[PDB]
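Top to bottom, those sequences are chains B, A, B' and A'. A prime marks a further copy of an entry chain.
Here the first sequence stands for residues 29 to 193, 198 to 287, where the numbers follow the deposited numbering.
Straight run, no breaks: the second sequence in the deposited numbering ends on number 287.
Here the third sequence stands for residues 29 to 193, 198 to 287, where the numbers follow the deposited numbering.
Straight run, no breaks: the fourth sequence in the deposited numbering ends on number 287.
Protein chains: 4
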Amino acid sequence: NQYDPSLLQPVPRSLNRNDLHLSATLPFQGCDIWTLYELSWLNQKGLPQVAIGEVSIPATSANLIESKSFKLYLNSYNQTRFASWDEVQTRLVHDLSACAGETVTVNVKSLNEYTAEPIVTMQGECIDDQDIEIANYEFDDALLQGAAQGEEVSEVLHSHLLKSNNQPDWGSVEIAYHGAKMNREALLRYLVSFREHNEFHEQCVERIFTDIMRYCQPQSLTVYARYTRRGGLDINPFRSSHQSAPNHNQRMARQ
Amino acid sequence: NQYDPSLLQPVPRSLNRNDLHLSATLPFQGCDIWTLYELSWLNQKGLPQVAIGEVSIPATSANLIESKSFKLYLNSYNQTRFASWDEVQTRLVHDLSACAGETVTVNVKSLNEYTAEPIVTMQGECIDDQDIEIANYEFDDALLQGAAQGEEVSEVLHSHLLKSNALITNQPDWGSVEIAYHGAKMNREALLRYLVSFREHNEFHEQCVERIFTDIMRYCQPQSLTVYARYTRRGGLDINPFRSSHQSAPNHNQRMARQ
Amino acid sequence: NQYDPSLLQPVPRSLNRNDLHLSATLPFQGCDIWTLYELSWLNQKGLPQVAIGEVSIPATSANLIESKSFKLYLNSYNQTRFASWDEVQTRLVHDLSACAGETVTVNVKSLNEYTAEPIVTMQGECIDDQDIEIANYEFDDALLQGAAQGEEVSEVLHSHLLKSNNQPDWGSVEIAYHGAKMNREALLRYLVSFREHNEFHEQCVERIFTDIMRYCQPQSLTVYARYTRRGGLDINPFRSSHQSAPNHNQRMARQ
Amino acid sequence: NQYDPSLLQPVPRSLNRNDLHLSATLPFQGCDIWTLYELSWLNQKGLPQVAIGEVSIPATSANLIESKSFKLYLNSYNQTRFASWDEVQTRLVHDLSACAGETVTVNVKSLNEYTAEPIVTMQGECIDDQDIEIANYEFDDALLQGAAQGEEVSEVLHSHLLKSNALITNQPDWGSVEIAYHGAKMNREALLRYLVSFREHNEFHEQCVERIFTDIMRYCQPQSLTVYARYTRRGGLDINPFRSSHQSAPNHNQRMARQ
Ligand SMILES: [Cl-]
Ligand SMILES: [Cl-]
Ligand SMILES: [Cl-]
Ligand SMILES: [Cl-]
């Protein structure tokens, strides 16, 4: 198995967005940030090289990249000789851009760039410690009905309780908004109800964004989730009414 | 599927050790340290809980625990209600100890315990930055023949270049390895070629560490030796086998960059 | 006063580096991150526009930019009509790159990109709460002699107590390293001794880096300081043995 | 230079108000909220302390405090040893109240109190995004003549476009302003042109807010009005004047993006 760009499989963003009752004109902007922990190839002399890739795919791209296919594509680098680290970054930009349908940003970082980098947590207030009982795990977006009745605020909330299905995927999510203050029990119950829900990580973030916008009507909204890796890759979708990218890319405890 | 300890699959250590032709007395001591990044369950009221586990299995245990089965076992907690964090930790100790055949240690930590914990590298000198050509990756232990010619020295060397055989594991697995020894100085080209050759071998993880230890012992004959690998996670957990002539365990569990 | 690039004044990085006994080959890599809080100009129709600029200047550039001159240069935009926000970003890149001597990165952000952005603190452990007496404020780099005797660690430490002089400037600083564990009292005393010391912000960060490297000999070192603004601009120098840029740009409480 | 309360410079409010031709009874109530971002001093053992102060001065005080003098006064704390944080807060209240001529409120907060505090924007609709041409920036209050033609409405409007006269302040100063009123609906083009015209005026900060209030009152005649500006800091502190027919103060001190 030598280097093989045809392993990459796009999935159109439209599939789920149509499900969310979205027009071609988006309520949000943003990007999908991917971390590639397994990136490895051979140098020109056949000596293995290892790196961590950091990739940003614009949320306006026609397609996302299916994660298993991304992994298989990356494995095709492992036994292939490349002229330099620059050639590797160039090939990644080229192939991932073609697949997504829009220019993708790629940084290929040596492992020593991570030495003494701290693990971080999310910004704002954690909503997870609530003494409440969950009697049903079925997804219910109506859990947000009347969820923001409070005074006008700007607030950042987060939760580590995102899970979606067949093996489970795990995430933390940060919600920053300007609008009527949100009921934290309703928000927590809403997030927990994704547990048996099936969908891609990018799709969950867009669903949270559009449900909050519909039910809660904030003036400004940002939703940023950081998911644990599968197949050596993690995905961190960011969707915002006013912001193009998150102001930090740093790994969380489970990542 | 809810809590199911029957999902755990023991593998006798002797299966792979037999092929190393050891002495009745194990040449090394040590442990297998696992990090469980996915640990989650429900509290008594049904609210999800999340944690990171850290498990140490003695290298003297009769059995290791097969990694896929360990993943499936942990997944069985996800939808199960437990009365307390103590209960979860206690069951982990019970079930994993039963599987391995010896008492295992388990720490269940809240995510906040990791905030600000730094990513680490290994001790000593990295040997990866060499101007050499490699074209044949087949496993060759003979690459170590005559590898230690030096004056007797104490050093610590490490490499980030361990990778498994893709056919054997289906998807490649990845690791870094740290080798600390006192003995005739080891040729770093020979050692690097040898480590790289694991990508065409049939042993990885715990078996790879024991193979490296036994091959270095026989070819290089050091007075003291420690071989410690830290592998990237597969299925939400990672394995970090430590084997040594004189030492029991690494001084911590801190994660490396790819982990 | 219309737009005037000649207001920009470079200062060579060599001035201080020569003082630190540095070769032309640097012990560190990095960048100076600037935040421009006062950026304003007129659109093509004469209607004022306001934005926050984010600028990164490579630490390899021949020159830094003197802060008062940067402010005066930016004021020259205030009464000048520009075709679009893109033209403004283009002119900033052009002029700042010419002044620094290397390509500078510029992002011009609308104010609504900051709505509901949280204030952050530094990573790792704060060293400031120590019950110790300071009898002298004179700069002493020898405070670090024998300061790292401890076991091999990877650690992140920070302090909010950086001050340098004529009006005072204020900063917080984050030190991430892999090496022998540092004595936190010695480090705190060392940082406090900058109080009456005179130098540019970039110069302080490089001095901390080189003093720690000389006295403490860590395998890997990163020093990142975030200073409070003067004249509407703040400077955030980042210097690292292995890292090119910080992984977060976010304002601290005093910024 | 160590602690020196004589550095504080009072300015009588009447100096500028005289030019507004008010009634013996002030038409508004309110306060000037200041944020002190640079506050630092030494503890009894000489170790530096850092904090952010928040000060509220009643709009009825005889005097305002000149901003440069306030900066210099605060700088005088930097090298001075104080026994406790309480002592620092107490002296601030004493000295600032003496200067202003009325009791001022002072909160001294540790930096950790700001962690996670979000940046805010103002209430209501931003009026800045208009397709209009402006070429003459001279101050013109007459821009408000006949500006409120509407049916009576309650609305809140804001603009980020306040800037001072560069010659007068030497270096330009910057602010956003929020105007909440009940009355005949205000023409937004007229209001924007008027606000933009402050860049060629001789009044800013507290005086600008009072001028805006008095001009809107006379030209537009609303039943109720509040004018609140938040200015970017100069010399490490910022001023946020609030003036209202019916309201005492804003509900908080949260910083805006440029602040
Ligand atoms: Cl518990
Ligand atoms: Cl390390
Ligand atoms: Cl105190
Ligand atoms: Cl807001």
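Ideal Cβ placement from N, Cα and C applies to all residues, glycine included.
Annotated three-state conformation of residue 33 (chain A) is helix, per DSSP. When C-beta distances to chain B are compared with 8 Å, the residues of the segment 144–177 of chain A' below that value are 144, 146, 147, 148, 149, 151, in chain order. Where residue 41 (chain A') is concerned, the enclosing alpha helix (DSSP H) starts and stops at 41–45. The closest CA to that of residue 262 (chain B'), considering only B':69, B':243, B':198, is found on B':198. Between residue 39 (chain B) and chain A', the shortest Cβ-Cβ separation is not below 8 Å. Taking residue 159 (chain A) as the centre and dropping the five residues before and after it, the same chain places no C-beta closer than 7 Å to its C-beta.
The beta carbons of residue 129 (chain A') and residue 71 (chain A') sit no closer together than 8 Å.
DSSP, read as helix, strand or coil, puts residue 98 (chain B') in helix. Between the alpha carbons of residue 83 (chain B) and residue 115 (chain B) lies a gap of roughly 16 Å. Three or more beta-carbon pairs separated by less than 8 Å are not found between the segment 98–113 of chain B' and the segment 102–121 of chain A', which leaves the two stretches without contact. Beta-bridge annotation (DSSP): residue 176 (chain A) is paired with A:214. Under the DSSP assignment, residue 82 (chain B') falls in the beta strand (DSSP E) whose first and last residues are 80–86. DSSP places residue 196 (chain A') in the uninterrupted alpha helix (DSSP H) bounded by 194–197. Distance from the CA atom of residue 267 (chain A') to the CA atom of residue 274 (chain B), rounded to whole angstroms, is 27 Å. Restricting attention to A:180, A:269, A:32, A:44, the CA atom closest to the CA of residue 205 (chain A) is found in A:269.
Contact with chain B' is absent for residue 62 (chain A'), since none of that chain's Cβ atoms lies less than 8 Å from the residue's Cβ. Contact check for residue 148 (chain A) against residue 272 (chain B') fails: the beta carbons are separated by 8 Å or more. Remark: C-beta atoms of residue 80 (chain B) and residue 139 (chain B) approach each other more closely than 8 Å. Within the same chain, 186, 204, 206 come within 7 Å of residue 150 (chain A') by CB-CB distance, once the 5 residues on both sides are set aside.
Within the same chain, and ignoring the five residues on either side of residue 193 (chain A') in sequence, the residues whose Cβ sits closer than 7 Å to its Cβ are 227, 228, 229, 230.
In the structure shown, the three-state DSSP call for residue 234 (chain B') is helix.
Proximity of chain B to residue 209 (chain B') at the Cβ level (cut-off 7 Å) is accounted for by 144, in chain order. For residue 66 (chain B), the residues of chain A that pass the 8 Å Cβ criterion are 200, 202, 260, 286, in the order they occur in the chain. When the beta-carbon positions are compared, residue 202 (chain A') and residue 166 (chain B') stay at least 8 Å from each other.
Membership of residue 117 (chain B') in the alpha helix (DSSP H) is indicated by the continuous run 113–128. Here the C-alpha atom of residue 250 (chain A') lies approximately 8 Å from the C-alpha atom of residue 244 (chain A'). In this structure, residue 74 (chain B) sits away from residue 240 (chain A), with a CB-CB distance that is not shorter than 8 Å.
Nearest to residue 168 (chain A) by alpha-carbon distance, out of A:260, A:141, A:56, A:247, is A:247. Annotation for residue 216 (chain A'): 155 place their beta carbon closer than 6 Å to its own, counting only its chain and skipping 5 residues before and after. Using beta-carbon distances, residue 184 (chain A') does not count as an interface residue toward chain B', since no partner is under 8 Å. Neighbourhood of residue 188 (chain B') in chain A', by CB distance below 7 Å: 78, 139, in chain order.
Relative to ligand 2, residue 274 (chain B') has its C-beta separated by 7 Å or more from all heavy atoms. Bridge pairing for residue 59 (chain B): B:86, B:270 [DSSP]. Taking 8 Å as the CB threshold, residue 224 (chain B') lines the interface with chain A'. One finds 191, 200, 227 in chain B with Cβ atoms closer than 9 Å to the Cβ of residue 106 (chain A), taken in chain order. Selection around ligand 1 by beta-carbon proximity, strictly under 6 Å to any non-hydrogen atom, yields A:112, A:113 in chain order.
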